[PDB]
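The structure under discussion appears below in the form of structure tokens.
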Amino acid sequence: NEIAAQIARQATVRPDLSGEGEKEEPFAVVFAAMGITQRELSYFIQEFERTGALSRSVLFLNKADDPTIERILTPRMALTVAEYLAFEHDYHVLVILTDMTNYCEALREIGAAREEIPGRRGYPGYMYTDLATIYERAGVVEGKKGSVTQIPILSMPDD
Amino acid sequence: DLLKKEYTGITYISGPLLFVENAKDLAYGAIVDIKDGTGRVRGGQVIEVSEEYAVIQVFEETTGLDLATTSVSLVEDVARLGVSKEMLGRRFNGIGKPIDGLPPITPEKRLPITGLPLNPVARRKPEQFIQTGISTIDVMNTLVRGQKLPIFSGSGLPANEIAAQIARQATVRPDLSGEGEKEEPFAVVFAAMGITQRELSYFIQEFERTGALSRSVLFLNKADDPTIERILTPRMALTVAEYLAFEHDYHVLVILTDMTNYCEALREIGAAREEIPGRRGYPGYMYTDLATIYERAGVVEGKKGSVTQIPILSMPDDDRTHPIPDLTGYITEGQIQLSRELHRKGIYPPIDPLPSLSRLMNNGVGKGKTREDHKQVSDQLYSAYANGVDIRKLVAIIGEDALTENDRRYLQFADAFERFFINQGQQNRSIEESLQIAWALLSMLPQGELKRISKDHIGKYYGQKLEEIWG
Amino acid sequence: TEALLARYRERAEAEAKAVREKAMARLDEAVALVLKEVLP
Amino acid sequence: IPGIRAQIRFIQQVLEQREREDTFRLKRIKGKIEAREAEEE
Amino acid sequence: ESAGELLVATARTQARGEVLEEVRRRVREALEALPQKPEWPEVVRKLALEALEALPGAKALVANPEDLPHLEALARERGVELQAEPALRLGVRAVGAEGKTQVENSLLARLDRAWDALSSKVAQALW
Amino acid sequence: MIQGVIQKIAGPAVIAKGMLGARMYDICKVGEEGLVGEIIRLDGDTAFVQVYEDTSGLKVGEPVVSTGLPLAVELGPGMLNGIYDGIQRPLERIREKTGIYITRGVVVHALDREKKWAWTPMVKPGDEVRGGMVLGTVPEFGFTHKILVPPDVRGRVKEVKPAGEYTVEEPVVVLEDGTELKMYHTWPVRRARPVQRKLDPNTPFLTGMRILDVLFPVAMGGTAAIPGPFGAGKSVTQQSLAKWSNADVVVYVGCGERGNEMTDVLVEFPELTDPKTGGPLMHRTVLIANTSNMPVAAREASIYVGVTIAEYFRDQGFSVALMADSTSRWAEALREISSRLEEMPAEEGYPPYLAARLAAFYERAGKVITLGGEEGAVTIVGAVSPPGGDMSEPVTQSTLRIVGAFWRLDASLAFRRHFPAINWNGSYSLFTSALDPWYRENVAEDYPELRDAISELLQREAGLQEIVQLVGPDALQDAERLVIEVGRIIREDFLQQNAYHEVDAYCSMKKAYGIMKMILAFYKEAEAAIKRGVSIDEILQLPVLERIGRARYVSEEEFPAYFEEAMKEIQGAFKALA
Amino acid sequence: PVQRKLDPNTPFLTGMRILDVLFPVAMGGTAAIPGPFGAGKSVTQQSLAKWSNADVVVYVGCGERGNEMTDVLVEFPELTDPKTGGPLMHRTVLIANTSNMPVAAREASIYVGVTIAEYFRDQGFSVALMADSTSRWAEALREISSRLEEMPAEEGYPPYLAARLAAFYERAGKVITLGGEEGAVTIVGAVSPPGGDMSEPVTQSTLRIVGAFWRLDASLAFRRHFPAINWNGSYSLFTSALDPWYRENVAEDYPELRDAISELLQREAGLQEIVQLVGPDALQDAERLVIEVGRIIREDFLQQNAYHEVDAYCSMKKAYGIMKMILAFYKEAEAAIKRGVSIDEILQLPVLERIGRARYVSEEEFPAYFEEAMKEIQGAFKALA
Ligand SMILES: Nc1ncnc2c1ncn2[C@@H]1O[C@H](COP(=O)(O)OP(=O)(O)OP(=O)(O)O)[C@@H](O)[C@H]1O
Ligand SMILES: Nc1ncnc2c1ncn2[C@@H]1O[C@H](COP(=O)(O)OP(=O)(O)O)[C@@H](O)[C@H]1O
Ligand SMILES: [Mg+2]
Ligand SMILES: [Mg+2]
């Protein structure tokens, strides 16, 4: 979380080196949370308030007490908003997703409910496609000035 | 008999299976043919019949079939193959049709492909020695006539080359056993299951170069052909072999290309039918099904013929705890296991002597069948090689500067064994040369070491120098 | 070795022609037997 | 010692996965047989 | 030097196959000369009787596009006799069972079913 | 009888409808050929039949009839020196009828119906007979086959036949009720034959192998197991144990094993001699054969037939040894049947009742007081074939909790070609203590002490092998090195045995005792010498070592002198040296 | 259909030193290149697509990223085809089914690519077909089988996966087309094993039919050693049959030179285990020499930089020159040490600089550089005496 907040605070594009000369319009930020605790959420909120970035951010929060099956929808909505902003209002959107471990766990629970064919450790065999439908929404498009950037953060079990 | 009965009323086509209703006159195991709307005719076999419907496995692929215009007609109640003495020199596909461009054969008789089990009272004990020209086989894992001896191979190892060389060099030595030099070549029956074009090209050109195609029968199922035909191909091959051997006193050598592909097809059928799998998806009757194949070789009392069987199979990930090599080890009379570690070092053929085994070895070695000191020499070689490997591990643990002279002699012996007894590029060695090389290798250790060889043989043979073998 | 192929080619032609002339003699008996077997 | 530890955890993972696969196939077969029975009434 | 013996074997096989094929062509002609023979009105009835005895509870018979009266004479045995113009091959061209599912065929071009088994016999008869 | 028709055919399993009133586990005749089957499940109006032969070519609608009895055997004279299939059909008669192949539908009589037997009665009219009483005896290859009253029969004797020539079918005894006793009767294979009382193991079962006889003995009426991976040497060990044992009658069961092994036994045995009496070996053997390719459902029947015949010969008063060639094949057959039945597997696909079946089979062994008041025993040695050699496997685990002796086979020693190749660490024996008085009376008064010392030496050697692995043999002190060398000498010169050697194949108890005594004396002397400071290298060079190594090859009638010579030489070698 | 299948006897040159030298694959053969994520499968396949000598290249992007497809479409039109000299994109057919595109279309992509390649072969060209990942194809098969309610075989894959893979890989080979001319198809299919485990069903099923096996290693990739091909675990089955072509086109003594290099690599691989427990100093001079020459081989011959203007492409003659330089240096080094010269002085020799930069020298400037470097090597030790 510290590294993610520092990157959100210190992100610049350095146009002078590239020779573009274009003014650095500040990054728009979308922060999507999936099953984060209260201490982490409070930390993020004070960080954003202190750096003055809370007027440029859209917060999609799913606290740890929220239903699990809801965690399937949160990244989809967050990236929908990001794509809308970037490709129809010329923003440069920076998207961070709090813990894809929770997303994969919710996916596994609903899959085990549905009695799908498992994969390698009980995860559904279609988890690759499900994660790809989320990750592949980032990038740049020719003929437009907006862009979408992702730094999802996930904790490796057992390292 | 000459009446043709057709059945429409197909209700279900999925994968290799096809359900036909009514049809209570289809015998279990019967052979049928599926005719579609365009006139193309496939083949298939009944694997379960009931009042409601019957279950048919389709040999070809099931593209273009429909439930409205297809029909199924009966061919015979028991699956059979047409045999004759004049299929020597012909080629067939897996189902038994000719693919050599020549007219169809005319059978002397029709035999059921499922075969019948040989009565154990009728069988005969195999004695006759076969000299394959390979030292790591002849001296340590002797092959006798009438034995089945699979070759345990790997992903990239050259099992095909070893099998081809064995067939090219295999011959008996009646002069040593004093039975009259009848000098009859082996007839080769070749069965291939899902064999690729590269390996098939190699085998065809090898047989062509040696000229053994004049006395060979080939059953080929390439890797691009339908996968369900593999259930029949081994049985076609073995029916032909048994007919030849026990009806005309031929000596047949059978080579089965890949039993791994056979097991692939077997579990595909088993999984289509939704039956309880035994291990890793393979059916629980795989042991019985493989035993119906391997056990059709041997020698029969009162007949001069013989069937010698050499299956080849690839161990996945070089794991002999896999179901296929495990069950095959429980069925056959031994195994010749190749080793990748020798292959990477450039040793050919990379036969690992330790895990290899021949169960019928000492039925065919000894005084009146080969030279006298065969058995004890083989035992001593095994002991010394095991000692060499153990000392290799000891050096891996602790420095070699602490090694005694005794350990150094054993370690050098292991290296010399690997570089001289095992390594021979396409070289035919009579049993005499192999035994001489073995004694030359043993002469690297004192007579106090050679515990498993009697003193008389030591007196007659110990003391040869390895550098005197070749000029 | 060329002489071997030159001899064996015409040898094969001669023997095939010999078998054909042998088979032409008893053809009608063969067709009669086939017709007898097929008919009920 | 780290090498032996790594090999142990690898083998444990493989055996666990084989057991899970067997269980899933058992459930699939049992449910399918039950469903056929239910349709057959 | 195996090339010569290979060629001899191939030529011998080709001659035998060609002769057997000619035998089959002659048999095809001879079977196709049945319809005007006086034994034909008998063989059609024998084919029909075999077809019916093989398939109990049959529903229908098909026949020549002529609507063969010789087969019609068995109208007192079964229900319906239909005509099959496309079904040219001489004989009883089909036997529709009581269910529409199963049909029977007792007809010429059963030579296909018999030749596979009498080929060896005619081959030893020739040579 | 019941007559139904086939409703469905799928492999070896046939569903028959119209079979109301069929009883579970009864014998049926399937199809027109009369193939033999067994009812294993009753459902509504149907029965599930497993066929004991190949079913290819059957059709829907063929008749199924029920014999009304479970699987049974004919027990009587004429079984010895014979070879049977899985359900007791002689294979020689089958070969005469059929040919080199075995065809289905063949029916023959297990006992010969035409042979003449010399009958001499042993009861008189008016006497009272119970199940198991001896009625009369006939000679059979120098044995004395006793004719027994069937176990569920009692009554009074009306008439008895005079001595003479008769066939098996001639009833020699008639009772008051009118029940007639022939020379044979029938018994269902799944019912244990009843006994008077069960005794404790008392005497050893001399196998002829030093390692088994000494370190892990098995008593008469005991049970043992020999698990191990393929190539380790189960088959050779079982054949040797059949050839050299002290049992009166040997019953060999070939449950689904390589046929060439059956052929080897068949060819070789008529040329060997029974050690006990000197007659040919085959005149004491019943050989049940069931090769791998033979019908799958017959392996279980093979096991049951073998043990039932063994129980019969035990009832006669003999001491019967029984070898099951591989019980893993029996488990595989059970698994295939349960897979046909669509039963829930328990673990690794095996049916739930595998352990129950194994226990029921293995508990038939023991020493008993027979129903006639005579004494007899059955010894069971089953071979286990785990899939990968994994000893966690359910068959090996289940058989591990019921046997009294365990003989684990090592794959590493098999690779080294070091036989019998028995893993000493993983082997045990529970019959050790109960056999001590017999050992004192028959071998030597201090035999237990010598074997205890040998076991302690082996334990110390295995304990030191860890340090040997850690630092190498060069870093040990002299005493530990001496212990390592003594362990090696024991392994190479005592535990090792050659089955195909003319002399080494059979070793009596006294020979093993002498060899152990020699080795222990040498160990004492070497320890004393090192405590005096003699270097370990010269100790390993003394000429007595070759004598110790060669002692096992000495023929039996020469050993008494050679032992004394070796003992004197061992004493002198260290007496003179220092 | 075709008329006949022929034996491959000519090489399919990829422009990468290690693949073209140690593990060659012939025209009409097939190769498989497994590897864990980030090991360099895609860069290797694209490099094959840029520098190959095939007439037509069909790139099948079965279930992968979309940025890679954009990279190809943006760069290839500027680059030049080696054979005709025209734009590179005028040579390639792209079949693109990215990750988020419908799952069931991956199998369609595979079959479309292989069929178009067979067509172009029928026209008499030699076609290179690159499958981006067959693991995605197997995933689609598993998902459809799930919707069908079938019994899986292993890890959920249907039991007929091996047959489908065999059918796909078998459509390669050098043929005599129905028109009587000559053409061939070469298939290089990448596998994405889960967790870098080579015991996956897809990898085991693929290894049974391909003629070459290029194993990528993650540990080599962590060190930024590329292409990161494990030369201990790889193999090639076409090495023996391509020898006459090598003797005719590269040099007469090329096979012996390559065998010498391979043997040296095996020896230093064997000594690695001993040296990593005790240190290089505790070893005799011969082993220190062989370890240093192994380091030279694996940093100046096997390594290759795909983003360099010159190192990206490498002909066979350049590889032959580098191998000759290394072996001359090695033989002189054994001689010098036998004379008694120190190892550290040998290491600090300046000609090693000429060796280390040899792969950065362009193709035109290479022969003169090679000649001067050979003279420098033979003169360096002579002065060292
Ligand atoms: N020859 C090379 N030279 C330089 N860098 C290389 C080379 N080969 C691979 N790389 C590096 O490896 C990185 C990843 O390689 P690549 O995309 O080919 O791997 P991959 O296994 O196909 O990955 P993916 O998981 O996306 O399928 C590249 O971005 C590049 O930086
Ligand atoms: N006690 C023994 N003495 C000598 N050789 C033996 C002994 N036990 C096994 N062998 C050898 O090992 C081989 C193992 O074969 P076998 O015993 O039939 O195998 P298995 O392990 O399946 O029972 C035998 O063929 C024989 O050569
Ligand atoms: Mg055995
Ligand atoms: Mg990639």
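For the structure tokens, the naming scheme is as follows: chains receive sequential letters (A, B, ...) according to their order of presentation, residues are indexed from 1 within each chain, and ligands are indexed from 1 in presentation order.
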Close residues to ligand 2 using only C-alpha atoms and all ligand atoms, limit 7 Å, as an MDAnalysis selection string = (chainID B and resid 359:362) or (chainID F and resid 228:237 419:420 497:500)
Listing only residues of chain F within 10 Å of chain D, what is the closest atom pair and its distance in Å (to one decimal) for each, using only C-alpha atoms, sorted by chain and residue number ascending, as a Markdown table?
```
| residue | atom | partner | partner_atom | distance |
| --- | --- | --- | --- | --- |
| F:342 | CA | D:33 | CA | 8.9 |
| F:343 | CA | D:30 | CA | 9.4 |
| F:344 | CA | D:26 | CA | 8.1 |
| F:345 | CA | D:26 | CA | 8.4 |
| F:347 | CA | D:22 | CA | 9.8 |
| F:348 | CA | D:22 | CA | 8.6 |
| F:349 | CA | D:22 | CA | 9.4 |
```
Spatial neighbours of stretch 539-541 of chain F, max dist 12 Å, only C-alpha atoms, sep filter under 5 positions, as JSON, numbers by chain = {"B": [448], "F": [478, 479, 481, 482, 483, 484, 485, 486, 488, 489, 522, 523, 525, 526, 527, 528, 529, 530, 533, 534, 546, 570, 573, 574, 577, 578]}
request  = Return as an MDAnalysis selection string every polymer residue, whether protein, DNA or RNA, with at least one atom no more than 7 Å from an atom of ligand 1; count only C-alpha atoms and all ligand atoms.
outcome  = chainID G and resid 35:44 64:65 226:227 304:307
Since we have the selection now, will you write its residues out, keeping C-alpha atoms, as a compact mmCIF listing (two decimals), in the first residue's frame?
```
# COMPACT_ATOMS: atom_id res chain seq x y z
CA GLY G 35 8.59 -21.84 -20.95
CA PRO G 36 7.31 -20.09 -17.84
CA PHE G 37 5.99 -16.54 -18.06
CA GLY G 38 8.58 -13.92 -18.94
CA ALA G 39 11.16 -16.42 -20.18
CA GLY G 40 11.09 -15.13 -23.76
CA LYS G 41 8.77 -17.25 -25.90
CA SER G 42 7.18 -14.35 -27.75
CA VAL G 43 10.41 -12.49 -28.51
CA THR G 44 11.97 -15.69 -29.86
CA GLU G 64 -2.55 -14.06 -26.15
CA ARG G 65 -2.04 -10.33 -25.65
CA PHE G 226 18.79 -14.39 -23.36
CA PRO G 227 17.41 -16.33 -25.28
CA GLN G 304 22.21 -12.87 -28.25
CA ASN G 305 20.50 -9.48 -28.04
CA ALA G 306 17.32 -9.23 -30.07
CA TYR G 307 17.04 -5.45 -29.66
```
Counting only C-alpha atoms, which residues of chain C sit at most 6 Å from some atom of chain E, and what is each one's closest atom pair with its distance in Å to one decimal, listed by chain and rising residue number, as JSON lines?
```
{"residue": "C:8", "atom": "CA", "partner": "E:4", "partner_atom": "CA", "distance": 5.0}
{"residue": "C:12", "atom": "CA", "partner": "E:8", "partner_atom": "CA", "distance": 4.6}
{"residue": "C:16", "atom": "CA", "partner": "E:12", "partner_atom": "CA", "distance": 5.4}
{"residue": "C:23", "atom": "CA", "partner": "E:126", "partner_atom": "CA", "distance": 5.9}
{"residue": "C:26", "atom": "CA", "partner": "E:126", "partner_atom": "CA", "distance": 5.9}
{"residue": "C:30", "atom": "CA", "partner": "E:122", "partner_atom": "CA", "distance": 5.9}
{"residue": "C:31", "atom": "CA", "partner": "E:27", "partner_atom": "CA", "distance": 5.9}
```
task = Determine which residues of chain D sit within 10 Å of chain A, taking into account only C-alpha atoms, and present them as a list in words.
result = residues 13, 14, 16, 17, 20, 21, 24, 25, 27 and 28 of chain D
Residue list for chain B near chain F as a PyMOL selection string, 8 Å, only C-alpha atoms = chain B and resi 24-30+47-51+77-78+116-125+275-279+284-285+288+291-292+295+300+320-323+326-327+329-334+354-355+357+379+382-383+386+394+397-398+402
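Residues in contact range of residue G:268, defined as at most 9 Å between only C-alpha atoms, with sequence neighbours fewer than 4 positions away removed, read residues 263, 264, 272, 287, 290, 291, 292, 293, 294 and 295 of chain G.
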request  = List the neighbours of residue G:165 out to 7 Å using only C-alpha atoms; skip same-chain residues closer than 4 positions along the sequence, and give me the result as a ChimeraX atom specification.
outcome  = /G:161,169,206
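Here the alpha helix (DSSP H) residues in stretch 3-103 of chain G, by DSSP on the backbone, are residues 17, 18, 19, 20, 21, 41, 42, 43, 44, 45, 46, 47, 48, 49, 50, 51, 67, 68, 69, 70, 71, 72, 73, 74 and 75 of chain G.
Atom to atom, atom CA of residue F:165 and atom CA of residue F:133 stand 22.0 Å apart.
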query = What does the distance from atom CA of residue F:122 to atom CA of residue F:156 come to in Å, to one decimal?
reply = 14.2 Å
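Residue neighbourhood of residue E:66, excluding near-sequence residues (fewer than 2 positions): residues 35, 62, 63, 64, 68, 69, 70, 71, 72, 82, 83, 84, 85, 86, 87, 88 and 90 of chain E, at 12 Å, using only C-alpha atoms.
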Put those residues in a file: N, CA, C and O atoms, as a PDB file, in the first residue's frame.
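selection_35.pdb, freshly written:
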```
ATOM      1  N   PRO E  35     -33.273 -61.702 -64.834  1.00  0.00           N
ATOM      2  CA  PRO E  35     -34.704 -61.339 -64.809  1.00  0.00           C
ATOM      3  C   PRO E  35     -35.571 -62.059 -65.827  1.00  0.00           C
ATOM      4  O   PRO E  35     -36.733 -62.359 -65.524  1.00  0.00           O
ATOM      5  N   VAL E  62     -41.238 -54.167 -50.649  1.00  0.00           N
ATOM      6  CA  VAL E  62     -41.071 -53.407 -51.876  1.00  0.00           C
ATOM      7  C   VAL E  62     -40.622 -54.390 -52.944  1.00  0.00           C
ATOM      8  O   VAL E  62     -40.164 -55.497 -52.651  1.00  0.00           O
ATOM      9  N   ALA E  63     -40.771 -53.984 -54.197  1.00  0.00           N
ATOM     10  CA  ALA E  63     -40.577 -54.909 -55.300  1.00  0.00           C
ATOM     11  C   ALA E  63     -40.033 -54.128 -56.486  1.00  0.00           C
ATOM     12  O   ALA E  63     -39.610 -52.977 -56.345  1.00  0.00           O
ATOM     13  N   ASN E  64     -40.053 -54.756 -57.659  1.00  0.00           N
ATOM     14  CA  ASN E  64     -39.595 -54.104 -58.871  1.00  0.00           C
ATOM     15  C   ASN E  64     -40.535 -52.955 -59.230  1.00  0.00           C
ATOM     16  O   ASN E  64     -41.698 -52.938 -58.812  1.00  0.00           O
ATOM     17  N   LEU E  68     -44.194 -56.522 -59.362  1.00  0.00           N
ATOM     18  CA  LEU E  68     -44.128 -57.924 -59.747  1.00  0.00           C
ATOM     19  C   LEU E  68     -45.311 -58.726 -59.218  1.00  0.00           C
ATOM     20  O   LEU E  68     -45.453 -58.918 -58.003  1.00  0.00           O
ATOM     21  N   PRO E  69     -46.187 -59.199 -60.103  1.00  0.00           N
ATOM     22  CA  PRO E  69     -47.308 -60.036 -59.648  1.00  0.00           C
ATOM     23  C   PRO E  69     -46.873 -61.328 -58.982  1.00  0.00           C
ATOM     24  O   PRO E  69     -47.620 -61.866 -58.154  1.00  0.00           O
ATOM     25  N   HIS E  70     -45.687 -61.845 -59.309  1.00  0.00           N
ATOM     26  CA  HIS E  70     -45.211 -63.047 -58.633  1.00  0.00           C
ATOM     27  C   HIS E  70     -45.042 -62.799 -57.141  1.00  0.00           C
ATOM     28  O   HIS E  70     -45.404 -63.647 -56.316  1.00  0.00           O
ATOM     29  N   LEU E  71     -44.503 -61.639 -56.775  1.00  0.00           N
ATOM     30  CA  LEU E  71     -44.445 -61.248 -55.376  1.00  0.00           C
ATOM     31  C   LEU E  71     -45.803 -60.818 -54.835  1.00  0.00           C
ATOM     32  O   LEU E  71     -46.075 -61.025 -53.649  1.00  0.00           O
ATOM     33  N   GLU E  72     -46.655 -60.227 -55.674  1.00  0.00           N
ATOM     34  CA  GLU E  72     -48.006 -59.882 -55.237  1.00  0.00           C
ATOM     35  C   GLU E  72     -48.817 -61.115 -54.856  1.00  0.00           C
ATOM     36  O   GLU E  72     -49.747 -61.019 -54.047  1.00  0.00           O
ATOM     37  N   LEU E  82     -45.390 -52.513 -51.752  1.00  0.00           N
ATOM     38  CA  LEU E  82     -45.168 -51.211 -52.364  1.00  0.00           C
ATOM     39  C   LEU E  82     -44.174 -51.339 -53.509  1.00  0.00           C
ATOM     40  O   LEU E  82     -43.422 -52.311 -53.597  1.00  0.00           O
ATOM     41  N   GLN E  83     -44.166 -50.346 -54.389  1.00  0.00           N
ATOM     42  CA  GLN E  83     -43.266 -50.367 -55.530  1.00  0.00           C
ATOM     43  C   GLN E  83     -42.067 -49.472 -55.267  1.00  0.00           C
ATOM     44  O   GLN E  83     -42.183 -48.433 -54.610  1.00  0.00           O
ATOM     45  N   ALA E  84     -40.912 -49.890 -55.777  1.00  0.00           N
ATOM     46  CA  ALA E  84     -39.652 -49.181 -55.593  1.00  0.00           C
ATOM     47  C   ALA E  84     -38.987 -49.044 -56.957  1.00  0.00           C
ATOM     48  O   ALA E  84     -38.184 -49.890 -57.356  1.00  0.00           O
ATOM     49  N   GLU E  85     -39.337 -47.979 -57.677  1.00  0.00           N
ATOM     50  CA  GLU E  85     -38.669 -47.695 -58.945  1.00  0.00           C
ATOM     51  C   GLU E  85     -37.183 -47.416 -58.772  1.00  0.00           C
ATOM     52  O   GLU E  85     -36.378 -48.003 -59.518  1.00  0.00           O
ATOM     53  N   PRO E  86     -36.743 -46.545 -57.853  1.00  0.00           N
ATOM     54  CA  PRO E  86     -35.297 -46.310 -57.726  1.00  0.00           C
ATOM     55  C   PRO E  86     -34.519 -47.554 -57.352  1.00  0.00           C
ATOM     56  O   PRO E  86     -33.381 -47.721 -57.809  1.00  0.00           O
ATOM     57  N   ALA E  87     -35.104 -48.440 -56.546  1.00  0.00           N
ATOM     58  CA  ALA E  87     -34.425 -49.651 -56.085  1.00  0.00           C
ATOM     59  C   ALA E  87     -34.361 -50.631 -57.252  1.00  0.00           C
ATOM     60  O   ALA E  87     -35.220 -51.496 -57.437  1.00  0.00           O
ATOM     61  N   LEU E  88     -33.308 -50.480 -58.056  1.00  0.00           N
ATOM     62  CA  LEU E  88     -33.220 -51.214 -59.313  1.00  0.00           C
ATOM     63  C   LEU E  88     -32.720 -52.637 -59.121  1.00  0.00           C
ATOM     64  O   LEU E  88     -33.173 -53.544 -59.826  1.00  0.00           O
ATOM     65  N   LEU E  90     -31.998 -56.314 -58.675  1.00  0.00           N
ATOM     66  CA  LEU E  90     -32.999 -57.364 -58.770  1.00  0.00           C
ATOM     67  C   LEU E  90     -33.136 -58.108 -57.448  1.00  0.00           C
ATOM     68  O   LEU E  90     -32.138 -58.409 -56.790  1.00  0.00           O
TER      69      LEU E  90
END
```
